[PDB]
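Each remark here refers to the structure printed beneath this line.
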Amino acid sequence: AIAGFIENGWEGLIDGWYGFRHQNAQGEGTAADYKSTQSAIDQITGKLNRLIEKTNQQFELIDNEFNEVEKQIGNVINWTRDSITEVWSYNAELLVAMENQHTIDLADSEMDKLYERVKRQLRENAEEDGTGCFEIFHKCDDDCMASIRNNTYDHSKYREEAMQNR
Amino acid sequence: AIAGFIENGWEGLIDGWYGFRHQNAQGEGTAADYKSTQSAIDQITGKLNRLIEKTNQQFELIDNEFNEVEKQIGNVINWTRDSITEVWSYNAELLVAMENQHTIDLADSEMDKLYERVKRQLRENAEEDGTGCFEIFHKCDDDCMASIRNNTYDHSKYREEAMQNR
Amino acid sequence: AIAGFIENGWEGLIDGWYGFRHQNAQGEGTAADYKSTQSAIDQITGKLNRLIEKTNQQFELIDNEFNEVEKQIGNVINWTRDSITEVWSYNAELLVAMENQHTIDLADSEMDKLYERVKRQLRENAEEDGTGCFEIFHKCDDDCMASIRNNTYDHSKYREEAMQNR
Amino acid sequence: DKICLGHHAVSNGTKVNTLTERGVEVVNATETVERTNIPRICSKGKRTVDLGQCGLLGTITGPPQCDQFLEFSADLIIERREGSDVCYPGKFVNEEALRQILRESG
Amino acid sequence: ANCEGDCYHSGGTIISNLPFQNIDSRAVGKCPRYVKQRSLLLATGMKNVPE
């Protein structure tokens, strides 16, 4: 009655980007992870200001609306300005596009880095599920799950029990 | 007499992009995987039309061949046009280049995602080879291999046998 | 008293980019890996010349300093030239930026490819540490460690001993 | 008993940017923008002509100050501000176009 | 006549094995591309994580 990130996301989690979800003898729970969530938000939020960089983005007028410059040179000005406009439009859509692609490929990387972290916590006391879960081969109460989330899981304690259940 | 993707590719496979290759008691076989192959082809084939985007890519003439515009302004037009041409050439080679890099880094990612999928199917009944193979510690007939490829491998059946062979 | 790449880097290693660090009965050691280091350096060093590509990057003058062209058309020339300059500045910073991002995401990929390689060498005789180390469940002398680094680790020899220690 | 894996980790760091808020710092990095100038004309290898008081277009008409370069030939041409294409007063119709044509003449 | 260069401008000769330059936008020859930035640093190595 429980599944992980490989299958779906979690509309339930609201207090973070990534989190844990367990079902033990006491029942189903859900939490969040501050470290990974901040690790992604840090890289993601500043991208706007990364685009709003304005070194010398000021500019004055060269033509004028009231006393139109000579017809031919003005036509050349409109042509050049439109060309530069097409260039900058292309650059804007491209920059947005690969900022997005980098954001996506980043976010789900911070996910399966946390997954491997939890595995290294549960070195031999658990076997992976396929959904992104972890079948634990001992009895992990709420304090034990919390020890996993807080990264204080001394696997040597539950190890002999787990490998006995193997 | 058999090896996987970490060593080489497979000139033999023709009916797909990714596939399986086993050697059991009955002999060597080869197949393909529809899911991953489509997962890559979908992202790859549309990239051309992703480049052929034409929002306002129309343009008329500003100069003319028959009655050449004044020499100086025409020289300016040729200069500007050549500048924009260099810009667009740079943008074209760059866009092609990173579309290619993304294609490559994508394709071999859909590979070792399938690899990890098969591992999660064979959780404890097999050990990885290093070539991208899977040393299975039971007797896996053609129906069993097919169960792996079709993703119907109930590992609990063969588990006790395999871990007995460990 | 020893840790791997997941925690920190190694200011000590000087003769390569990636390397090994063991502590056995005889003591702590450190080495390097030629294959991965070259695999990264090859892709990284040529990027400069990848930027210095000069197809038709020559250009002559269109204006002149001594006999200034007519004021209006000269103003248009300065405007256009400054526009193209802003374009090329943007392109330069962007190209540098994603060449760097690709370099980074490349380098640490050649790392955890080597890590997985060593794991496939030590299939079942070791368990991963979490720091990027490898807890080996037998007695691995300097010749054994060297067999790991040179990729000649016949795991079947030490296997029964290790899984006995499990 | 513990074989491990790691990488470079220089002590100080560097500057470089990526597609983030300056993103990261690296071990080694080099420059790409050149700021160093040579306040001379490095002419070795190229047959160079210092026109001086001869205006480039003068080489076509042949005023006195251009008699030196009436049938010149060079890979590099250096116009100097003191030059002039004429002796009797007058202008060159579409002059700068002819100059641009002539600078790539050899 | 003893120095060798291929990029020229009013202020002299830009010799450079680099892709971009900052001296003069009007430079002529086989010049690098003029950019507005004083400096742009390439990779040229791995990310740095101390001990």
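Residues in the structure tokens are numbered from 1 in each chain, the chains being A, B, ... in the order shown, and ligands are numbered from 1 in the order shown.
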
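Residue list for chain D within 10 Å of chain B: residues 94, 95, 96, 97 and 100 of chain D, counting only C-alpha atoms.
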
Once you count only C-alpha atoms, which residues of chain C turn out to be within 7 Å of chain E? Could you give them as a compact mmCIF listing (two decimals) with N, CA, C and O atoms, in the first residue's frame?
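The new file selection_23.txt reads:
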```txt
# COMPACT_ATOMS: atom_id res chain seq x y z
N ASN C 8 35.37 14.02 1.15
CA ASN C 8 36.32 15.06 0.78
C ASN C 8 37.09 14.64 -0.46
O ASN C 8 36.96 13.52 -0.95
N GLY C 9 37.90 15.57 -0.96
CA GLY C 9 38.95 15.24 -1.91
C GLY C 9 40.25 14.97 -1.19
O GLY C 9 40.32 14.96 0.04
N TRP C 10 41.31 14.76 -1.96
CA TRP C 10 42.60 14.37 -1.41
C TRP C 10 43.69 15.34 -1.87
O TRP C 10 44.26 15.17 -2.95
N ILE C 44 38.97 17.45 -21.50
CA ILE C 44 39.01 18.78 -20.90
C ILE C 44 40.01 19.70 -21.59
O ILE C 44 39.71 20.87 -21.81
N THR C 45 41.19 19.19 -21.97
CA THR C 45 42.26 20.09 -22.40
C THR C 45 41.94 20.75 -23.75
O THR C 45 42.29 21.91 -23.97
N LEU C 51 37.07 26.43 -28.52
CA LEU C 51 36.54 27.79 -28.57
C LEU C 51 37.26 28.66 -29.59
O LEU C 51 36.67 29.60 -30.12
N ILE C 52 38.54 28.38 -29.86
CA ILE C 52 39.35 29.24 -30.71
C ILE C 52 39.08 28.93 -32.18
O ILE C 52 39.82 29.39 -33.06
N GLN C 57 36.87 34.10 -39.18
CA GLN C 57 36.90 35.15 -38.15
C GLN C 57 37.80 36.31 -38.52
O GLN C 57 38.03 37.18 -37.66
N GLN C 58 38.33 36.37 -39.74
CA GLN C 58 38.98 37.58 -40.21
C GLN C 58 37.94 38.66 -40.49
O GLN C 58 36.76 38.38 -40.71
N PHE C 59 38.39 39.91 -40.47
CA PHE C 59 37.54 41.01 -40.90
C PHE C 59 38.40 42.23 -41.20
O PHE C 59 39.40 42.47 -40.51
N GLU C 60 38.01 42.99 -42.22
CA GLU C 60 38.66 44.25 -42.55
C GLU C 60 37.90 45.40 -41.91
O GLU C 60 36.95 45.21 -41.14
N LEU C 61 38.32 46.62 -42.22
CA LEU C 61 37.61 47.81 -41.77
C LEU C 61 36.50 48.15 -42.76
O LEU C 61 36.61 47.88 -43.95
N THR C 85 28.63 43.41 -30.55
CA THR C 85 29.54 43.20 -29.44
C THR C 85 28.82 42.64 -28.23
O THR C 85 29.30 41.70 -27.58
N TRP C 88 28.05 38.96 -28.91
CA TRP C 88 29.21 38.08 -28.79
C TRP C 88 29.69 37.96 -27.36
O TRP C 88 30.21 36.91 -26.97
N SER C 89 29.56 39.02 -26.56
CA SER C 89 29.90 38.92 -25.14
C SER C 89 28.99 37.91 -24.44
O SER C 89 29.46 37.02 -23.72
N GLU C 93 30.36 34.41 -22.60
CA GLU C 93 30.13 34.01 -21.22
C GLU C 93 29.30 32.74 -21.14
O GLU C 93 29.55 31.87 -20.29
N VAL C 96 31.54 29.68 -22.24
CA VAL C 96 32.44 29.37 -21.13
C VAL C 96 31.68 28.69 -20.01
O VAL C 96 32.13 27.69 -19.44
N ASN C 100 32.24 24.88 -18.68
CA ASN C 100 32.63 24.61 -17.30
C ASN C 100 31.68 23.60 -16.66
O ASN C 100 32.13 22.60 -16.09
N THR C 103 32.38 20.31 -17.88
CA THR C 103 33.63 19.81 -17.31
C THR C 103 33.41 19.24 -15.92
O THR C 103 33.87 18.13 -15.61
N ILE C 104 32.69 19.97 -15.07
CA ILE C 104 32.44 19.52 -13.70
C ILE C 104 31.63 18.23 -13.71
O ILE C 104 32.06 17.21 -13.16
N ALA C 107 33.84 15.36 -14.79
CA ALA C 107 34.93 14.89 -13.94
C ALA C 107 34.43 13.96 -12.84
O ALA C 107 34.95 12.85 -12.67
```

Practice problem: Restrict the distance test to only C-alpha atoms, flag each residue of chain C within 10 Å of chain B, and return the flagged residues as a VMD selection string. | Solution: chain C and resid 55 to 57 59 to 63 69 to 70 73 to 74 76 to 77 80 to 81 84 87 to 88 91 95 98 116 to 121 123 to 124 163

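Rounded to one decimal, CA of residue 108 (chain C) and CA of residue 97 (chain B) lie 21.9 Å from each other.
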
Each chain D residue no farther than 12 Å from chain E, nearest pair in Å, only C-alpha atoms, as a tab-separated table:
```
residue	atom	partner	partner_atom	distance
D:6	CA	E:49	CA	10.4
D:7	CA	E:46	CA	8.7
D:8	CA	E:48	CA	7.2
D:9	CA	E:48	CA	4.9
D:10	CA	E:48	CA	6.3
D:11	CA	E:50	CA	6.4
D:12	CA	E:48	CA	8.5
D:13	CA	E:48	CA	6.3
D:14	CA	E:48	CA	8.4
D:15	CA	E:41	CA	7.3
D:16	CA	E:41	CA	5.6
D:17	CA	E:41	CA	7.8
D:18	CA	E:43	CA	9.7
D:22	CA	E:41	CA	11.7
D:23	CA	E:47	CA	10.2
D:24	CA	E:47	CA	6.9
D:25	CA	E:47	CA	5.9
D:26	CA	E:47	CA	4.2
D:27	CA	E:48	CA	5.5
D:28	CA	E:45	CA	5.1
D:29	CA	E:44	CA	4.5
D:30	CA	E:42	CA	5.4
D:31	CA	E:41	CA	4.8
D:32	CA	E:18	CA	5.5
D:33	CA	E:20	CA	4.7
D:34	CA	E:21	CA	4.3
D:35	CA	E:22	CA	5.6
D:36	CA	E:14	CA	7.1
D:37	CA	E:14	CA	5.3
D:38	CA	E:13	CA	5.1
D:39	CA	E:12	CA	4.5
D:40	CA	E:12	CA	4.7
D:41	CA	E:12	CA	5.4
D:42	CA	E:3	CA	4.7
D:43	CA	E:1	CA	4.9
D:44	CA	E:1	CA	4.5
D:45	CA	E:4	CA	6.9
D:46	CA	E:4	CA	8.7
D:47	CA	E:1	CA	9.5
D:48	CA	E:1	CA	8.9
D:49	CA	E:1	CA	11.5
D:75	CA	E:6	CA	10.9
D:76	CA	E:6	CA	9.7
D:77	CA	E:8	CA	10.9
D:78	CA	E:10	CA	9.9
D:79	CA	E:10	CA	10.1
D:80	CA	E:10	CA	10.1
D:81	CA	E:10	CA	11.0
D:103	CA	E:28	CA	11.5
D:104	CA	E:29	CA	11.2
```

Using only C-alpha atoms, which residues sit within 6 Å of region 15-22 of chain C once same-chain residues fewer than 3 positions away are excluded, as a CSV table (one decimal) with C-alpha atoms, in the first residue's frame?
```csv
chain,number,residue,atom,x,y,z
C,28,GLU,CA,48.1,3.3,4.7
C,29,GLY,CA,48.9,3.9,1.1
C,30,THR,CA,47.9,6.0,-1.9
C,31,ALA,CA,48.2,5.7,-5.7
C,32,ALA,CA,46.6,6.9,-8.9
C,33,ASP,CA,44.6,5.6,-11.9
C,37,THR,CA,42.6,10.5,-15.4
D,2,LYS,CA,39.4,-0.4,3.7
D,3,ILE,CA,40.5,0.4,0.1
D,4,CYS,CA,39.1,3.9,-0.9
D,5,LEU,CA,38.7,6.3,-3.9
D,6,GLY,CA,39.2,10.0,-4.2
D,7,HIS,CA,40.3,12.9,-6.4
D,8,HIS,CA,42.3,16.2,-6.6
```

Practice problem: Using DSSP on the backbone, list every residue of chain C that comes out as helix (DSSP H, G or I), and give them as a count of residues only. | Solution: 87

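Take CA of residue 53 (chain C) and CA of residue 82 (chain B): the distance between them is 17.6 Å.
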
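You will find CA of residue 140 (chain A) at 26.8 Å from CA of residue 164 (chain B).
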
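The closest residue to residue 4 (chain B), picked from B:78, B:65, B:25, B:111 and counting only C-alpha atoms, is B:111.
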
Quiz prompt | Per-residue DSSP, chain A, filtered to strand (DSSP E or B), as a PyMOL selection string | solution = chain A and resi 23+28+126-128+134-136

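Counting only C-alpha atoms and comparing C:112, C:14, C:64, C:99, the residue that lies closest to residue 43 (chain C) is C:99.
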
Practice problem: Quick one: everything within 7 Å of residue 56 (chain D), counting only C-alpha atoms, minus sequence neighbours fewer than 3 positions away in the same chain. Send it as a list in words. | Solution: residues 59, 85 and 99 of chain D
